[PDB]
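Note sheet for the following structure.
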Amino acid sequence: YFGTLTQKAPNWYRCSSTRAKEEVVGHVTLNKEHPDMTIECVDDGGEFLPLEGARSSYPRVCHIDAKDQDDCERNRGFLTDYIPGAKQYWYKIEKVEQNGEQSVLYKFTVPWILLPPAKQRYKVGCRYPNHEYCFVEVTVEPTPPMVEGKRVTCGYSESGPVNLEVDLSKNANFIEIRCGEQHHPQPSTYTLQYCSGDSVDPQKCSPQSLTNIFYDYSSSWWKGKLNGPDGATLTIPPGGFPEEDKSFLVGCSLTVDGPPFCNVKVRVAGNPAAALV
């Protein structure tokens, strides 16, 4: 049931219902420099795979291991499970007529600031009523981990933990940490505990009380969830700062318990600063 897939440009593929003898699969990579892709389905008398997936208010995609059109569609996933915040209007759809050939063009663009914190793979393509199909696999590259001011955006890599450091002090007393809606906090008890070990890996975390770090500590100093849409914000009242410089580890895991990990070392400045003793 293989349709015939040809590449017209990087991230632009064309499928027709001409029966090919071997399965050819397209390969798209979406990142900041190449935030868009085009799927072109030839109408031989031209639907995006999965059917309706580029028109619906909840956009839908194939699992990356779908074996064919029916396997894809009977198991169709949600685009937002791969890219949080994805919207139908990230697709622009066009009918094109050329020299007696009708095709439909589905051009998908990810706003680059919304690239996910971990690499994702799904696939889409073209499908026909007689069950013919072409797959185009989509790799969505991640937003780099970063610390911008006091906002810490975690990220995940299979080639090792991500380590980020950020500062807290009396006069710059809040930080925001984002694990992403797809991921998970470490330790899970982070509003009460930090990792005294050298990783937020549950096997290495060695959770200890945040009363080791702050004075008059309260879990109420955290607002928002680490895996909520805006991450979690930790705000330290001025009296909360100890006399000594300190640090603690909090972070994120890809899955509830498992790697990759993102380790955020929060460096707490002692109060008073030496100038003001």
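How things are named: the first chain in the structure tokens is A, the next is B, and so on; residues count from 1 in each chain; ligands count from 1 in the order shown.
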Neighbour list for residue 227 (chain A) as number ranges by chain, cut-off 9 Å, only C-alpha atoms, skip fewer than 6 positions in-chain: A: 177-185, 252
Writing out the chosen residues with C-alpha atoms as a PDB file, in the first residue's frame:
```
ATOM      1  CA  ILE A 177      12.271  27.041  37.195  1.00  0.00           C
ATOM      2  CA  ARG A 178      10.496  25.278  34.323  1.00  0.00           C
ATOM      3  CA  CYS A 179      10.566  21.495  33.845  1.00  0.00           C
ATOM      4  CA  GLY A 180       7.935  21.598  31.148  1.00  0.00           C
ATOM      5  CA  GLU A 181       4.390  20.290  31.189  1.00  0.00           C
ATOM      6  CA  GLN A 182       5.564  16.984  29.673  1.00  0.00           C
ATOM      7  CA  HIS A 183       7.996  16.295  32.506  1.00  0.00           C
ATOM      8  CA  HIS A 184       8.413  15.937  36.252  1.00  0.00           C
ATOM      9  CA  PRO A 185       9.965  17.515  39.381  1.00  0.00           C
ATOM     10  CA  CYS A 252      13.592  17.804  36.653  1.00  0.00           C
TER      11      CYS A 252
END
```
Residues of region 123-175 of chain A that have any atom at most 10 Å from an atom of region 29-36 of chain A: could you tabulate them with the shortest-distance atom pair and the distance in Å to one decimal, using only C-alpha atoms, ordered by chain and increasing number, as a tab-separated table?
```
residue	atom	partner	partner_atom	distance
A:137	CA	A:29	CA	8.5
A:138	CA	A:29	CA	6.0
A:139	CA	A:29	CA	4.7
A:140	CA	A:30	CA	4.9
A:141	CA	A:31	CA	5.3
A:142	CA	A:31	CA	7.3
A:143	CA	A:31	CA	8.3
```
Next, dump the selected residues to file, keeping only C-alpha atoms, as an mmCIF file, in the first residue's frame.
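Writing the result to result_33.cif gives the following:
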```
data_model
loop_
_atom_site.group_PDB
_atom_site.id
_atom_site.type_symbol
_atom_site.label_atom_id
_atom_site.label_comp_id
_atom_site.auth_asym_id
_atom_site.auth_seq_id
_atom_site.Cartn_x
_atom_site.Cartn_y
_atom_site.Cartn_z
ATOM 1 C CA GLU A 137 8.681 11.356 10.095
ATOM 2 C CA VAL A 138 8.966 14.599 12.072
ATOM 3 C CA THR A 139 11.784 15.269 14.521
ATOM 4 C CA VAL A 140 11.098 18.274 16.752
ATOM 5 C CA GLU A 141 14.327 19.612 18.203
ATOM 6 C CA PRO A 142 14.339 21.101 21.659
ATOM 7 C CA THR A 143 14.626 24.611 23.075
#
```
In Å, rounded to a single decimal, give me how far CA of residue 3 (chain A) is from CA of residue 125 (chain A). 10.4 Å
I'd like to know which residues of region 87-248 of chain A are strand (DSSP E) (by DSSP, run on the backbone); could you write them as a ChimeraX atom specification? /A:91-98,101-109,120-127,133-140,146-148,151-153,162-168,174-178,184-186,193-195,207-209,222-223,232-235,246-248
Using only C-alpha atoms, please write the residues we just selected to a file, as a compact mmCIF listing (two decimals), in the first residue's frame.
```txt
# COMPACT_ATOMS: atom_id res chain seq x y z
CA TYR A 91 -1.02 24.56 9.86
CA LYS A 92 -1.73 26.52 6.67
CA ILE A 93 -3.56 24.56 4.03
CA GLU A 94 -3.57 25.27 0.28
CA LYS A 95 -5.00 23.61 -2.80
CA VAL A 96 -2.71 23.71 -5.83
CA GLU A 97 -3.47 22.85 -9.46
CA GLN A 98 -0.62 22.27 -11.89
CA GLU A 101 -2.49 17.54 -11.21
CA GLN A 102 -4.34 18.59 -8.07
CA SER A 103 -2.53 18.48 -4.74
CA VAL A 104 -3.09 19.75 -1.21
CA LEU A 105 -0.26 21.48 0.66
CA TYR A 106 -0.09 21.35 4.44
CA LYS A 107 2.52 23.78 5.73
CA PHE A 108 3.27 23.39 9.45
CA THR A 109 5.19 26.05 11.41
CA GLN A 120 10.22 14.58 20.06
CA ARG A 121 9.38 12.32 17.15
CA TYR A 122 6.04 11.62 15.48
CA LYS A 123 4.95 11.21 11.91
CA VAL A 124 2.35 12.47 9.54
CA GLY A 125 1.97 12.03 5.82
CA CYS A 126 -0.67 11.41 3.17
CA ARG A 127 -3.45 8.86 3.04
CA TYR A 133 -0.12 6.08 2.37
CA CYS A 134 3.22 7.82 2.63
CA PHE A 135 4.91 8.54 5.97
CA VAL A 136 6.90 11.68 6.77
CA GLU A 137 8.68 11.36 10.09
CA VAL A 138 8.97 14.60 12.07
CA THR A 139 11.78 15.27 14.52
CA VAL A 140 11.10 18.27 16.75
CA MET A 146 19.00 28.34 29.52
CA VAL A 147 19.14 30.76 32.40
CA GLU A 148 17.81 34.16 31.36
CA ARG A 151 14.21 32.23 34.70
CA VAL A 152 15.67 28.74 34.49
CA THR A 153 14.40 26.65 31.56
CA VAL A 162 21.92 19.10 31.97
CA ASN A 163 23.41 21.26 34.72
CA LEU A 164 22.25 24.85 35.26
CA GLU A 165 23.21 27.30 38.01
CA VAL A 166 21.20 30.32 39.14
CA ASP A 167 21.47 32.90 41.96
CA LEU A 168 19.22 33.95 44.84
CA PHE A 174 13.12 35.03 43.34
CA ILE A 175 13.81 32.45 40.68
CA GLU A 176 11.55 30.63 38.27
CA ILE A 177 12.27 27.04 37.19
CA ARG A 178 10.50 25.28 34.32
CA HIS A 184 8.41 15.94 36.25
CA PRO A 185 9.97 17.52 39.38
CA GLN A 186 12.94 16.14 41.31
CA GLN A 193 13.37 19.02 50.35
CA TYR A 194 16.43 19.50 48.16
CA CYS A 195 19.08 17.09 46.89
CA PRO A 207 16.89 14.44 49.93
CA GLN A 208 17.30 16.74 52.94
CA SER A 209 15.18 19.49 54.50
CA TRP A 222 6.96 28.23 46.12
CA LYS A 223 4.21 29.24 43.67
CA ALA A 232 7.46 27.22 39.70
CA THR A 233 8.62 30.44 41.33
CA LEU A 234 10.57 30.42 44.57
CA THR A 235 10.51 33.74 46.42
CA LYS A 246 24.82 28.21 50.45
CA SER A 247 23.58 26.12 47.57
CA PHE A 248 20.98 23.44 46.92
```
Students should find that CA of residue 70 (chain A) and CA of residue 50 (chain A) are spaced 9.0 Å
I want to know what sits within 7 Å of region 260-264 of chain A, based on only C-alpha atoms, with residues of the same chain fewer than 2 positions away left out; could you give that as a PyMOL selection string? chain A and resi 154-158+160-165+199-201+249-254+258+266
Can you write just those residues out, N, CA, C and O atoms, as a compact mmCIF listing (two decimals), in the first residue's frame?
```txt
# COMPACT_ATOMS: atom_id res chain seq x y z
N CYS A 154 14.73 24.29 32.01
CA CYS A 154 15.45 23.05 31.94
C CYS A 154 15.30 22.43 30.57
O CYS A 154 14.42 22.78 29.81
N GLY A 155 16.20 21.50 30.27
CA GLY A 155 16.16 20.75 29.03
C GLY A 155 16.73 19.38 29.30
O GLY A 155 17.25 19.13 30.38
N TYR A 156 16.61 18.49 28.32
CA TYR A 156 16.91 17.07 28.52
C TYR A 156 17.71 16.54 27.35
O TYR A 156 17.38 16.83 26.21
N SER A 157 18.75 15.76 27.64
CA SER A 157 19.58 15.17 26.59
C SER A 157 19.94 13.75 26.95
O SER A 157 20.28 13.46 28.08
N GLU A 158 19.88 12.85 25.98
CA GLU A 158 20.26 11.47 26.26
C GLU A 158 21.77 11.30 26.39
O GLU A 158 22.23 10.23 26.79
N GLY A 160 23.66 13.03 28.45
CA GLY A 160 24.09 13.32 29.81
C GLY A 160 23.17 14.28 30.52
O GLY A 160 22.36 14.94 29.89
N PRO A 161 23.31 14.40 31.85
CA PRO A 161 22.50 15.40 32.55
C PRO A 161 22.80 16.82 32.10
O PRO A 161 23.93 17.14 31.69
N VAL A 162 21.78 17.67 32.19
CA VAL A 162 21.92 19.10 31.97
C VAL A 162 22.12 19.73 33.34
O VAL A 162 21.38 19.42 34.26
N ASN A 163 23.12 20.58 33.46
CA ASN A 163 23.41 21.26 34.72
C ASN A 163 23.30 22.76 34.53
O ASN A 163 23.97 23.32 33.68
N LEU A 164 22.45 23.41 35.34
CA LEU A 164 22.25 24.85 35.26
C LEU A 164 22.42 25.44 36.64
O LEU A 164 22.00 24.85 37.62
N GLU A 165 23.08 26.59 36.72
CA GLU A 165 23.21 27.30 38.01
C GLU A 165 22.51 28.65 37.94
O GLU A 165 22.50 29.32 36.90
N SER A 199 23.35 14.98 42.17
CA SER A 199 22.40 14.84 41.09
C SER A 199 20.99 14.83 41.65
O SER A 199 20.80 14.44 42.80
N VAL A 200 20.00 15.23 40.85
CA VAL A 200 18.60 15.09 41.27
C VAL A 200 18.05 13.68 40.94
O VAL A 200 16.91 13.36 41.26
N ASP A 201 18.86 12.86 40.29
CA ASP A 201 18.56 11.45 40.13
C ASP A 201 18.11 10.87 41.48
O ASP A 201 18.84 10.99 42.47
N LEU A 249 20.32 21.74 45.34
CA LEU A 249 19.98 21.15 44.06
C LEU A 249 18.51 20.79 44.02
O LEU A 249 17.99 20.11 44.91
N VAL A 250 17.85 21.24 42.95
CA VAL A 250 16.46 20.90 42.63
C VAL A 250 16.46 20.77 41.11
O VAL A 250 17.38 21.25 40.45
N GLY A 251 15.47 20.10 40.54
CA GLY A 251 15.46 19.99 39.09
C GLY A 251 14.30 19.19 38.55
O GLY A 251 13.19 19.23 39.07
N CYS A 252 14.61 18.45 37.49
CA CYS A 252 13.59 17.80 36.65
C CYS A 252 14.04 16.45 36.15
O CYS A 252 15.22 16.21 35.96
N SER A 253 13.06 15.60 35.89
CA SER A 253 13.29 14.31 35.22
C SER A 253 12.36 14.20 34.00
O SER A 253 11.24 14.72 33.99
N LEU A 254 12.86 13.54 32.97
CA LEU A 254 12.07 13.34 31.73
C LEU A 254 10.75 12.61 32.01
O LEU A 254 9.67 13.06 31.60
N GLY A 258 12.66 8.89 35.94
CA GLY A 258 13.77 8.48 35.11
C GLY A 258 14.39 9.56 34.26
O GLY A 258 13.81 10.62 34.06
N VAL A 266 21.00 26.04 42.84
CA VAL A 266 20.59 27.36 43.25
C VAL A 266 21.62 27.86 44.26
O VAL A 266 21.79 27.24 45.30
```
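CA of residue 111 (chain A) lies 28.4 Å from CA of residue 69 (chain A).
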Helix (DSSP H, G or I) positions in region 38-215 of chain A, given as a PyMOL selection string: chain A and resi 69-74+79-81+88-90+112-114+210-212
Convert the current residue selection to file output with N, CA and C atoms, as a CSV table (one decimal), in the first residue's frame.
```
chain,number,residue,atom,x,y,z
A,69,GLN,N,-1.4,3.1,7.3
A,69,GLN,CA,-2.5,4.1,7.5
A,69,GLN,C,-3.5,3.7,8.6
A,70,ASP,N,-3.9,2.5,8.7
A,70,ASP,CA,-4.9,2.1,9.7
A,70,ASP,C,-4.2,2.1,11.1
A,71,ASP,N,-3.0,1.6,11.1
A,71,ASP,CA,-2.3,1.5,12.4
A,71,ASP,C,-2.2,3.0,13.0
A,72,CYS,N,-1.8,3.9,12.1
A,72,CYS,CA,-1.7,5.3,12.4
A,72,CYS,C,-3.0,5.8,13.0
A,73,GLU,N,-4.1,5.7,12.2
A,73,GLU,CA,-5.3,6.4,12.5
A,73,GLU,C,-6.1,5.8,13.6
A,74,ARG,N,-6.0,4.4,13.8
A,74,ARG,CA,-6.7,3.8,14.9
A,74,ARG,C,-6.0,4.1,16.2
A,79,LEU,N,-1.0,16.0,18.9
A,79,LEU,CA,0.2,16.9,18.7
A,79,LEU,C,0.6,17.6,20.0
A,80,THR,N,-0.3,18.0,20.8
A,80,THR,CA,0.1,18.7,22.0
A,80,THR,C,0.9,17.8,23.0
A,81,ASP,N,0.8,16.4,22.9
A,81,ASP,CA,1.6,15.6,23.7
A,81,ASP,C,3.1,15.6,23.3
A,88,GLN,N,-4.2,24.3,15.9
A,88,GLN,CA,-4.5,23.9,14.5
A,88,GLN,C,-3.9,25.0,13.5
A,89,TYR,N,-4.0,26.2,13.9
A,89,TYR,CA,-3.6,27.3,13.0
A,89,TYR,C,-2.0,27.3,12.8
A,90,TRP,N,-1.3,26.4,13.4
A,90,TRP,CA,0.1,26.3,13.1
A,90,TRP,C,0.2,25.6,11.7
A,112,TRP,N,9.2,29.3,17.2
A,112,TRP,CA,10.4,28.7,17.7
A,112,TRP,C,10.5,28.8,19.3
A,113,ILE,N,9.9,29.8,19.9
A,113,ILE,CA,10.0,29.8,21.4
A,113,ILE,C,9.2,28.7,22.0
A,114,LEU,N,8.4,28.0,21.2
A,114,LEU,CA,7.5,26.9,21.8
A,114,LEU,C,8.1,25.5,21.5
A,210,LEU,N,14.9,21.6,53.4
A,210,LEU,CA,15.2,23.0,53.0
A,210,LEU,C,15.4,23.9,54.2
A,211,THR,N,15.1,23.5,55.4
A,211,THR,CA,15.5,24.3,56.6
A,211,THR,C,17.0,24.3,56.8
A,212,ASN,N,17.7,23.4,56.1
A,212,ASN,CA,19.2,23.5,56.0
A,212,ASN,C,19.7,24.8,55.3
```
Exercise: residue 269 (chain A) partners within 8 Å, only C-alpha atoms, chain neighbours under 3 positions left out, as a PyMOL selection string: chain A and resi 167-170+241-242+244-246+273
I need the chosen residues saved as a PDB file, in the first residue's frame, with N, CA and C atoms.
```
ATOM      1  N   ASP A 167      21.226  32.206  40.688  1.00  0.00           N
ATOM      2  CA  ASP A 167      21.472  32.898  41.963  1.00  0.00           C
ATOM      3  C   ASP A 167      20.193  33.371  42.649  1.00  0.00           C
ATOM      4  N   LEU A 168      20.210  33.336  43.981  1.00  0.00           N
ATOM      5  CA  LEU A 168      19.216  33.953  44.843  1.00  0.00           C
ATOM      6  C   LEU A 168      19.939  34.813  45.874  1.00  0.00           C
ATOM      7  N   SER A 169      19.443  36.022  46.134  1.00  0.00           N
ATOM      8  CA  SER A 169      20.004  36.883  47.167  1.00  0.00           C
ATOM      9  C   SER A 169      18.902  37.784  47.716  1.00  0.00           C
ATOM     10  N   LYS A 170      19.157  38.408  48.865  1.00  0.00           N
ATOM     11  CA  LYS A 170      18.193  39.302  49.494  1.00  0.00           C
ATOM     12  C   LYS A 170      17.573  40.275  48.502  1.00  0.00           C
ATOM     13  N   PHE A 241      17.105  34.669  54.220  1.00  0.00           N
ATOM     14  CA  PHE A 241      18.489  34.421  53.851  1.00  0.00           C
ATOM     15  C   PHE A 241      19.351  34.199  55.067  1.00  0.00           C
ATOM     16  N   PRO A 242      20.197  33.172  55.015  1.00  0.00           N
ATOM     17  CA  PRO A 242      21.126  32.909  56.098  1.00  0.00           C
ATOM     18  C   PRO A 242      22.358  33.808  55.997  1.00  0.00           C
ATOM     19  N   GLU A 244      25.500  32.805  55.686  1.00  0.00           N
ATOM     20  CA  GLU A 244      26.494  32.151  54.844  1.00  0.00           C
ATOM     21  C   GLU A 244      25.973  31.946  53.423  1.00  0.00           C
ATOM     22  N   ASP A 245      26.859  32.029  52.426  1.00  0.00           N
ATOM     23  CA  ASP A 245      26.554  31.539  51.069  1.00  0.00           C
ATOM     24  C   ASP A 245      26.279  30.046  51.139  1.00  0.00           C
ATOM     25  N   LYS A 246      25.233  29.603  50.439  1.00  0.00           N
ATOM     26  CA  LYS A 246      24.819  28.213  50.448  1.00  0.00           C
ATOM     27  C   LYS A 246      24.392  27.821  49.042  1.00  0.00           C
ATOM     28  N   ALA A 273      25.935  40.808  52.827  1.00  0.00           N
ATOM     29  CA  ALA A 273      27.077  40.713  51.930  1.00  0.00           C
ATOM     30  C   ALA A 273      28.260  41.329  52.654  1.00  0.00           C
TER      31      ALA A 273
END
```
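Among A:86, A:213, A:268, A:39, the residue with the shortest atom-to-atom distance to residue 173 (chain A), counting only C-alpha atoms, is A:268.
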Smallest atom-to-atom distance to residue 188 (chain A): which of A:255, A:6, A:11, A:38, using only C-alpha atoms?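 The shortest atom-to-atom distance to residue 188 (chain A) comes from A:255.
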Selected residue, from A:267, A:225, A:14, A:131, that lies nearest to residue 172 (chain A) when counting only C-alpha atoms: A:267
